[PDB]
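Only one chain comes next, encoded as structure tokens, the form deposited in one PDB entry.
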């Protein structure tokens, strides 16, 4: 069995405006992204999407599902069930739940049934002609804290240990269901429901068609690369002599970490700090969560010890809301040894449209 292409969309909703916040989707989406990339999937990973953002991302993923393509859609977050229908709850959903503000799972499944995909795996990890659809519906908020301090969901804990196996995906999911049935938290409970219309031996490990005769995979690699460009590191020189470096890192397709570091501080300056401020209003960055001494303090625990020491960190987690160039100010507060007060100096910076903001 061959795949025309391998495309995946992973959505993790945590920071809910009107519902309890979740912790596991952060690590789960991150770890599943790296695992799927190892299996040659072009992965788009998105955190904290609103109703209109979720609908657009799912529609765009559905658009990639041409004949023979392998697709994987994973959603982790709040879910709701109402009279035979299940719904994915976006972060801007009002309380109480209502269908028009949520994404109907049955409507997605119905649109997936119309595709001629080689394999379509739709996995929900919710806090409650064949299309070859394999649907996994986990209803575990329960999670486990690792030796690292990161929260791993019950479904993903077992899934990550078996996802790289060269076995038929339905057989793989049935092993994960057995693992959860042995787990004390989910032992005698209906924690995972698998529905499958898979008539042939398809696996996530199946190779992609050769590029000599099938160039669809190359186009999608170019489009994935285009939507995943990080700004290059930049050095700003200030009038007092201080030089600041602005660094960039990616956590998810819509989550970027910005850090500032002091490259040079003249001897005359006793203490200086470079802060990033005045970001575009659509980004919704609360200044009390920016310019932290560690990446963890910003909510960034993946790509945390992989950033230089003695920097200030800022997490931009809503890049899908950016409709213009990312223009912000680098503020430098500095003190001379024998001076009365702190001196302020501001410099504007344009880093274009990073990651999915490019689209």
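Residue numbers count along the first chain shown, from 1. For the two forms, the rigid core is made up of the largest set of C-alpha atoms that agree within 1.5 Å on superposition.
Although it is not shown, the form deposited with a small molecule bound is what the next lines describe.
Of the candidates 236, 112, 127, 269, 127 is the one whose heavy atoms come within 4.5 Å of the small molecule in the bound PDB entry; the others do not. With the partner removed from view, the residue among 244, 134, 257, 140 that has a non-hydrogen atom within 4.5 Å of the small molecule in the bound PDB entry turns out to be 140. Shown alone here, residue 182 lies farther than 4.5 Å from the small molecule in the bound PDB entry, counting heavy atoms only. At the 4.5 Å threshold, heavy atoms of residue 346 stay clear of the small molecule in the bound PDB entry, well away from it. Among residues of the shown chain, residue 168 is not one whose heavy atoms approach the small molecule to within 4.5 Å in the bound PDB entry. The small molecule is not drawn, but in the bound PDB entry it has no heavy atom within 4.5 Å of residue 288.
Of the candidate stretches 202-210, 81-89, 114-122, 145-153, only 145-153 has residues with heavy atoms within 4.5 Å of the small molecule in the bound PDB entry.
Only one entry in 278, 166, 178, 161 has its C-alpha moved by 2 angstroms or more between this form and the one not shown when the rigid core is superposed, and that entry is 278. Relative to the superposed rigid core, residue 291 undergoes a CA displacement of at least 2 Å between this form and the one not shown.
With the core held fixed, the Cα of residue 238 is displaced between this form and the one not shown by 2 Å or more. Relative to the superposed core, residue 112 shifts its CA atom by less than 2 Å between this form and the one not shown. A change of 3 Å or more separates the two forms for residue 222 and residue 64: their C-alpha atoms lie closer together in the bound PDB entry. Look at residue 39 and residue 226: in the bound PDB entry their Cα atoms come 3 Å or more closer than in this form.
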